[PDB]
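Structure first, then comments.
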2 protein chains.
Amino acid sequence: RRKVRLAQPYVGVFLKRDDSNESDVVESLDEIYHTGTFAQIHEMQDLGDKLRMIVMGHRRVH
Amino acid sequence: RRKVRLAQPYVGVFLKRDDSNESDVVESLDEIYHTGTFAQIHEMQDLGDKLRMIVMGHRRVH
């Protein structure tokens with residue numbers, strides 16, 4: 001909801017390292033791999049759950 | 001797909017004269033009528049055909 005006002009809607013998905021731990025993810029950002037993918041947001045749905053984000057990978061980066 | 005990242009996404013609409021010829025469209029820009037109408041973009045669907053774009057009459061121009 002914060003990035004809606006941004007003139008450029010883009011989202012970046014990364015790849016977590018082994019031993020997934022959301023506590024580590026929130027605590028230490030280094031766990032996530034360097035490689036990532038920035039792309040566009042198509043449409044929010046949130047039918048059954050308030051977060052149902054459809055994700056595409058368009059611009060890979062390291 | 002190039003205009004998706006534009007701050008102001010807009011699409012024009014022109015009119016071809018007689019002797020309809022896409023080869024002339026790519027060759028002779030003179031085929032396109034100087035009268036036109038620009039508009040904002042609504043959304044892209046592409047149900048069966050890869051290209052299905054909706055155009056509107058928003059701002060007429062001579």
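We name chains A, B, ... following the order of the structure tokens; residues begin at 1 in each chain, and ligands are numbered from 1 as shown.
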Residues flagged strand (DSSP E or B) by DSSP in chain B, as a PDB file with C-alpha atoms, in the first residue's frame:
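Final output, selection_6.pdb:
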ATOM      1  CA  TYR B  10      -0.505   7.410 -23.346  1.00  0.00           C
ATOM      2  CA  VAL B  11      -1.373   6.027 -26.777  1.00  0.00           C
ATOM      3  CA  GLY B  12      -2.260   7.902 -29.945  1.00  0.00           C
ATOM      4  CA  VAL B  13      -4.657   6.991 -32.737  1.00  0.00           C
ATOM      5  CA  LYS B  16      -4.860   6.039 -42.878  1.00  0.00           C
ATOM      6  CA  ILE B  32      -1.145   8.515 -41.856  1.00  0.00           C
ATOM      7  CA  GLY B  36      -5.579  12.283 -34.775  1.00  0.00           C
ATOM      8  CA  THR B  37      -6.809  11.537 -31.273  1.00  0.00           C
ATOM      9  CA  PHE B  38      -4.706  10.681 -28.220  1.00  0.00           C
ATOM     10  CA  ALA B  39      -5.873   8.853 -25.112  1.00  0.00           C
ATOM     11  CA  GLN B  40      -4.872   7.118 -21.905  1.00  0.00           C
ATOM     12  CA  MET B  44      -3.901  -5.157 -21.678  1.00  0.00           C
ATOM     13  CA  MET B  53      -4.995  -3.187 -27.278  1.00  0.00           C
ATOM     14  CA  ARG B  59      -8.136  14.353 -26.984  1.00  0.00           C
ATOM     15  CA  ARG B  60      -8.781  15.226 -30.633  1.00  0.00           C
ATOM     16  CA  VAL B  61      -6.127  17.153 -32.557  1.00  0.00           C
TER      17      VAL B  61
END
Show me, as a compact mmCIF listing (two decimals) with C-alpha atoms, in the first residue's frame, every residue of chain B with an atom at most 12 Å from chain A, counting only C-alpha atoms.
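Heads up, here's the output in result_33.txt:
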# COMPACT_ATOMS: atom_id res chain seq x y z
CA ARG B 1 5.73 -3.19 -23.25
CA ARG B 2 8.13 -0.24 -23.55
CA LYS B 3 5.55 2.31 -22.37
CA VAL B 4 4.66 0.28 -19.26
CA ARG B 5 7.48 2.02 -17.37
CA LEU B 6 6.57 5.49 -18.67
CA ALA B 7 5.51 8.00 -16.03
CA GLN B 8 2.62 9.09 -18.30
CA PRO B 9 1.35 6.08 -20.29
CA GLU B 43 -5.43 -2.30 -19.67
CA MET B 44 -3.90 -5.16 -21.68
CA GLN B 45 -5.60 -8.57 -21.76
Could you fit chain B onto chain A by least squares over every C-alpha atom, paired in order, and give me the moved chain as a compact mmCIF listing (two decimals) with N, CA, C and O atoms, in the first residue's frame?
# COMPACT_ATOMS: atom_id res chain seq x y z
N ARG B 1 0.55 -1.25 -0.31
CA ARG B 1 -0.31 -0.07 -0.34
C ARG B 1 0.51 1.21 -0.40
O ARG B 1 0.02 2.24 -0.88
N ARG B 2 1.75 1.18 0.07
CA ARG B 2 2.60 2.36 0.03
C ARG B 2 3.05 2.67 -1.40
O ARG B 2 3.15 3.84 -1.79
N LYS B 3 3.33 1.63 -2.19
CA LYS B 3 3.83 1.82 -3.54
C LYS B 3 2.74 2.14 -4.55
O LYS B 3 3.05 2.40 -5.72
N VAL B 4 1.47 2.13 -4.14
CA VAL B 4 0.39 2.46 -5.06
C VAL B 4 0.57 3.87 -5.61
O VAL B 4 0.32 4.13 -6.79
N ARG B 5 1.01 4.80 -4.77
CA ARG B 5 1.18 6.19 -5.17
C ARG B 5 2.52 6.45 -5.86
O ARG B 5 2.74 7.58 -6.32
N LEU B 6 3.40 5.46 -5.95
CA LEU B 6 4.69 5.66 -6.60
C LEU B 6 4.50 5.94 -8.08
O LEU B 6 3.63 5.36 -8.74
N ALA B 7 5.33 6.84 -8.62
CA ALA B 7 5.29 7.13 -10.05
C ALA B 7 5.65 5.89 -10.86
O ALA B 7 5.03 5.62 -11.89
N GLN B 8 6.64 5.13 -10.41
CA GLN B 8 7.07 3.89 -11.05
C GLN B 8 6.83 2.74 -10.08
O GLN B 8 7.70 2.42 -9.26
N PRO B 9 5.67 2.08 -10.14
CA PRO B 9 5.44 0.92 -9.28
C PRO B 9 6.20 -0.31 -9.75
O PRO B 9 5.93 -0.84 -10.83
N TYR B 10 7.16 -0.77 -8.94
CA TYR B 10 7.95 -1.95 -9.25
C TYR B 10 8.07 -2.80 -8.00
O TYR B 10 7.97 -2.30 -6.87
N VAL B 11 8.30 -4.10 -8.20
CA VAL B 11 8.49 -5.03 -7.10
C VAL B 11 9.65 -5.95 -7.44
O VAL B 11 9.75 -6.46 -8.57
N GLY B 12 10.53 -6.17 -6.47
CA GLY B 12 11.63 -7.09 -6.64
C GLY B 12 11.27 -8.50 -6.21
O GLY B 12 10.21 -8.76 -5.66
N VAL B 13 12.19 -9.42 -6.49
CA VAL B 13 12.06 -10.82 -6.08
C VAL B 13 13.46 -11.35 -5.83
O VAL B 13 14.33 -11.26 -6.71
N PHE B 14 13.68 -11.90 -4.64
CA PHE B 14 14.97 -12.44 -4.24
C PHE B 14 14.81 -13.92 -3.92
O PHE B 14 13.75 -14.51 -4.11
N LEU B 15 15.90 -14.52 -3.44
CA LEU B 15 15.92 -15.94 -3.13
C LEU B 15 16.59 -16.16 -1.79
O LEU B 15 17.64 -15.56 -1.51
N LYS B 16 15.99 -16.99 -0.95
CA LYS B 16 16.57 -17.31 0.35
C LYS B 16 17.48 -18.52 0.23
O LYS B 16 17.24 -19.43 -0.57
N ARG B 17 18.54 -18.52 1.03
CA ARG B 17 19.43 -19.67 1.09
C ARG B 17 18.79 -20.78 1.93
O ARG B 17 17.62 -20.71 2.31
N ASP B 18 19.57 -21.81 2.22
CA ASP B 18 19.09 -22.88 3.08
C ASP B 18 18.92 -22.36 4.50
O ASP B 18 19.15 -21.18 4.79
N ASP B 19 18.50 -23.24 5.40
CA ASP B 19 18.15 -22.86 6.77
C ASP B 19 17.05 -21.80 6.74
O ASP B 19 17.15 -20.72 7.34
N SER B 20 15.97 -22.13 6.03
CA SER B 20 14.86 -21.21 5.86
C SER B 20 14.38 -20.71 7.22
O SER B 20 14.01 -21.50 8.09
N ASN B 21 14.38 -19.39 7.38
CA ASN B 21 14.04 -18.78 8.67
C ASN B 21 13.58 -17.36 8.43
O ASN B 21 14.39 -16.49 8.11
N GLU B 22 12.27 -17.12 8.58
CA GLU B 22 11.76 -15.75 8.46
C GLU B 22 12.30 -14.87 9.58
O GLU B 22 12.48 -13.66 9.41
N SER B 23 12.57 -15.47 10.75
CA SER B 23 13.20 -14.72 11.83
C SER B 23 14.57 -14.21 11.39
O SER B 23 14.95 -13.08 11.71
N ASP B 24 15.33 -15.04 10.66
CA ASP B 24 16.59 -14.57 10.10
C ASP B 24 16.36 -13.56 8.98
O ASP B 24 17.19 -12.66 8.78
N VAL B 25 15.25 -13.68 8.24
CA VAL B 25 14.96 -12.71 7.19
C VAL B 25 14.78 -11.32 7.80
O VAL B 25 15.32 -10.33 7.30
N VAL B 26 14.03 -11.23 8.90
CA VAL B 26 13.88 -9.96 9.59
C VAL B 26 15.15 -9.57 10.33
O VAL B 26 15.41 -8.38 10.53
N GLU B 27 15.95 -10.55 10.75
CA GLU B 27 17.19 -10.30 11.49
C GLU B 27 18.40 -10.23 10.56
O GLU B 27 19.08 -9.20 10.51
N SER B 28 18.67 -11.31 9.84
CA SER B 28 19.84 -11.42 8.98
C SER B 28 19.43 -11.19 7.53
O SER B 28 18.89 -12.08 6.88
N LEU B 29 19.69 -9.98 7.03
CA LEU B 29 19.50 -9.71 5.61
C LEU B 29 20.43 -10.57 4.75
O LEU B 29 20.16 -10.75 3.56
N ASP B 30 21.51 -11.10 5.34
CA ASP B 30 22.43 -11.95 4.60
C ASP B 30 21.77 -13.21 4.07
O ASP B 30 22.29 -13.83 3.14
N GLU B 31 20.62 -13.60 4.64
CA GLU B 31 19.94 -14.80 4.16
C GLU B 31 19.52 -14.64 2.70
O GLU B 31 19.64 -15.58 1.91
N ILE B 32 19.02 -13.46 2.34
CA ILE B 32 18.55 -13.22 0.98
C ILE B 32 19.70 -13.35 0.00
O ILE B 32 20.81 -12.86 0.25
N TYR B 33 19.45 -14.01 -1.12
CA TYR B 33 20.49 -14.19 -2.13
C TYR B 33 20.74 -12.87 -2.86
O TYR B 33 19.82 -12.09 -3.10
N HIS B 34 22.00 -12.65 -3.22
CA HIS B 34 22.36 -11.42 -3.93
C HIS B 34 21.80 -11.42 -5.35
O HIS B 34 21.53 -10.35 -5.90
N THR B 35 21.63 -12.60 -5.95
CA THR B 35 20.94 -12.69 -7.23
C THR B 35 19.46 -12.37 -7.04
O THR B 35 18.86 -12.74 -6.03
N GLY B 36 18.87 -11.69 -8.02
CA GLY B 36 17.48 -11.30 -7.91
C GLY B 36 16.88 -10.99 -9.27
O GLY B 36 17.56 -11.05 -10.30
N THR B 37 15.59 -10.68 -9.26
CA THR B 37 14.87 -10.33 -10.48
C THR B 37 13.78 -9.33 -10.12
O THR B 37 12.95 -9.61 -9.25
N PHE B 38 13.78 -8.18 -10.78
CA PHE B 38 12.78 -7.14 -10.56
C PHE B 38 11.73 -7.19 -11.65
O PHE B 38 11.96 -7.75 -12.73
N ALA B 39 10.56 -6.61 -11.37
CA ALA B 39 9.47 -6.66 -12.34
C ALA B 39 8.47 -5.55 -12.04
O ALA B 39 8.52 -4.90 -10.99
N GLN B 40 7.58 -5.33 -13.00
CA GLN B 40 6.44 -4.45 -12.81
C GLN B 40 5.31 -5.20 -12.13
O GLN B 40 5.24 -6.44 -12.17
N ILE B 41 4.41 -4.45 -11.50
CA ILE B 41 3.27 -5.05 -10.80
C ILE B 41 2.09 -5.13 -11.75
O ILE B 41 1.83 -4.20 -12.53
N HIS B 42 1.35 -6.24 -11.69
CA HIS B 42 0.20 -6.44 -12.56
C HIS B 42 -1.09 -5.91 -11.93
O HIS B 42 -1.71 -4.99 -12.46
N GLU B 43 -1.49 -6.47 -10.79
CA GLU B 43 -2.74 -6.08 -10.14
C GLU B 43 -2.87 -6.86 -8.83
O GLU B 43 -2.28 -7.94 -8.67
N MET B 44 -3.64 -6.30 -7.90
CA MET B 44 -3.91 -6.91 -6.61
C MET B 44 -5.37 -7.36 -6.57
O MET B 44 -6.26 -6.58 -6.92
N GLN B 45 -5.60 -8.60 -6.14
CA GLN B 45 -6.94 -9.17 -6.07
C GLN B 45 -7.39 -9.46 -4.64
O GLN B 45 -8.42 -8.95 -4.20
N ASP B 46 -6.63 -10.26 -3.90
CA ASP B 46 -6.95 -10.62 -2.53
C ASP B 46 -8.33 -11.28 -2.44
O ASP B 46 -9.26 -10.76 -1.81
N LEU B 47 -8.46 -12.43 -3.10
CA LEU B 47 -9.73 -13.15 -3.09
C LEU B 47 -10.09 -13.62 -1.68
O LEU B 47 -11.06 -13.14 -1.08
N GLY B 48 -9.31 -14.55 -1.13
CA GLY B 48 -9.58 -15.09 0.18
C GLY B 48 -8.59 -14.63 1.23
O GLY B 48 -8.96 -14.39 2.39
N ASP B 49 -7.33 -14.49 0.84
CA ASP B 49 -6.27 -14.02 1.73
C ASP B 49 -6.02 -12.54 1.48
O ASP B 49 -5.98 -12.08 0.33
N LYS B 50 -5.83 -11.80 2.57
CA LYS B 50 -5.61 -10.36 2.47
C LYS B 50 -4.41 -10.00 1.61
O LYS B 50 -4.39 -8.91 1.04
N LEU B 51 -3.42 -10.88 1.50
CA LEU B 51 -2.23 -10.63 0.71
C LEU B 51 -2.09 -11.73 -0.33
O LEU B 51 -1.84 -12.89 0.01
N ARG B 52 -2.27 -11.36 -1.60
CA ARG B 52 -2.09 -12.27 -2.74
C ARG B 52 -1.48 -11.44 -3.86
O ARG B 52 -2.20 -10.82 -4.65
N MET B 53 -0.15 -11.43 -3.93
CA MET B 53 0.57 -10.56 -4.86
C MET B 53 1.23 -11.39 -5.95
O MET B 53 1.84 -12.42 -5.66
N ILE B 54 1.10 -10.94 -7.19
CA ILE B 54 1.69 -11.62 -8.33
C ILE B 54 3.06 -11.02 -8.61
O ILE B 54 3.21 -9.80 -8.74
N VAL B 55 4.07 -11.89 -8.70
CA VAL B 55 5.44 -11.50 -9.01
C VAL B 55 5.84 -12.16 -10.32
O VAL B 55 5.38 -13.26 -10.66
N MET B 56 6.73 -11.48 -11.04
CA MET B 56 7.11 -11.84 -12.39
C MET B 56 8.62 -11.78 -12.54
O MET B 56 9.32 -11.13 -11.74
N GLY B 57 9.13 -12.46 -13.56
CA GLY B 57 10.53 -12.34 -13.93
C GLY B 57 10.70 -11.42 -15.11
O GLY B 57 10.41 -11.80 -16.25
N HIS B 58 11.15 -10.19 -14.86
CA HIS B 58 11.24 -9.16 -15.88
C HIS B 58 12.67 -8.72 -16.15
O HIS B 58 13.08 -8.62 -17.31
N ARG B 59 13.45 -8.46 -15.10
CA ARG B 59 14.83 -7.99 -15.23
C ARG B 59 15.69 -8.74 -14.22
O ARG B 59 15.61 -8.48 -13.02
N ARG B 60 16.49 -9.69 -14.70
CA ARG B 60 17.41 -10.43 -13.86
C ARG B 60 18.62 -9.56 -13.51
O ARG B 60 19.01 -8.68 -14.27
N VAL B 61 19.21 -9.83 -12.34
CA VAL B 61 20.36 -9.06 -11.87
C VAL B 61 21.17 -9.91 -10.90
O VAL B 61 20.62 -10.72 -10.15
N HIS B 62 22.48 -9.69 -10.92
CA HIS B 62 23.43 -10.34 -10.02
C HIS B 62 24.04 -9.25 -9.15
O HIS B 62 25.10 -8.71 -9.48
Checklist line | Backbone-only DSSP, helix (DSSP H, G or I) members of chain B, as a PyMOL selection string | finding: chain B and resi 3-5+22-27+29-31
